[PDB]
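Take a look at this single chain, the form deposited in one PDB entry, given in structure tokens.
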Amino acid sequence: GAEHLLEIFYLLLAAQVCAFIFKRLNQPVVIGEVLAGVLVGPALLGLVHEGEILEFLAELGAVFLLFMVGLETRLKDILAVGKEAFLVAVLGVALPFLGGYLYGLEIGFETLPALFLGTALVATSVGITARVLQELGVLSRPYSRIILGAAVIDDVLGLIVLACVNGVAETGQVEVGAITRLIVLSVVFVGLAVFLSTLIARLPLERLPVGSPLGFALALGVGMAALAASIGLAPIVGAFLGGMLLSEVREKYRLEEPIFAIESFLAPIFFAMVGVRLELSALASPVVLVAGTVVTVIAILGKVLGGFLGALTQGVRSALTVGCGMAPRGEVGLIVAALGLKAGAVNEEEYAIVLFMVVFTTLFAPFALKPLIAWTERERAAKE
């Protein structure tokens, strides 16, 4: 009870300070937050441990980050680049998967673990990316919108991939009905969201028996997350979509600011808690470091190239920035790794090898992403 108030305190103070240290280095804040979680977490101070409660708070954090982003992101905006979104997504799943599975077959990983390698390489944590794009006030740009939309598609794709894989881990075949069911639930949910959001501005909440337009927004957001999560998608997606629903009425209701407040309350906990859940396996470990480094380069190159190719339309400058913005694996890669360990599909060694790369990718990606944003905005002025 005071356990959790204490822990939350630690997370907040560490995250505030680490954010200060990283702000003063012209480096993005997200890294500070994650490192704060590593700082106070098991790895170093052991002040903060993994709690069902701390994990859920972290979840809400990710949610509000994405609700915030969708609030400033309209359908017209993402659709108008939706083809590059789609392409970036599909290539982003295809390329590091094959690379993953192939590289698994070569070290000596068996068919099922190798499949899990490709699986982990498929994942994408737009939470982190979003945090950066938000910081540099860039959420409006084309590459950021392609990143968002493509991320949304990338989620349904990744879910199908994991459904297939857990399927072959449990019985050995892929339950086709389950797959198609997920595809239908996903497509219907997303399309229903989109439809709903071409109708939001036309109907101000006024006749709704709600007590405040904000309270309405919070429900039509947390609820969107919940819905997404019940279908089998990441809550972050329900969140983003819920944001889009209300983005054509955002300014009209003074929503941008109080949502931004909540986000900048819970998001640090989310990123910190990502840092909390990173393990000391890459410490004094060999095959882990070697195979890990290789699978890491395969991961980054897979994502970055998929992105570069899908949105090559906007010219190289944007294309890497999308690709690079698809790199980090964060809480997602962590999750796939955990499920991999549980169902007896991955040794603690192969788990160390995957964890190494979700850690390195999570760290590396937002570094490279910052100058890439500058090197794209400087070039956008010479054609402005």
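We call the rigid core whatever largest set of C-alpha positions still superposes within 1.5 Å between the two forms. Note that residue numbering follows the sequence shown and begins at 1.
Just so you know, the form deposited in another entry exists too; it's not on screen, but the next bit is about it.
Measuring CA movement between this form and the one not shown with the rigid core aligned, the set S140, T111, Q173, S230 has one residue at 2 Å or more: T111. Put the two forms on the same core and the Cα of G32 is off by less than 2 Å between this form and the one not shown. With a cut-off of 2 Å and the rigid core superposed, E348 has a Cα displacement that reaches or exceeds the cut-off between this form and the one not shown.
Positional change of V48 between this form and the one not shown stays under 2 Å at the C-alpha, relative to the superposed core. With a change of no less than 3 Å, the CA-CA distance between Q173 and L334 is smaller in the other entry than in the form shown. Note: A338-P268 Cα separation is 3 Å or more longer in the other entry than here.
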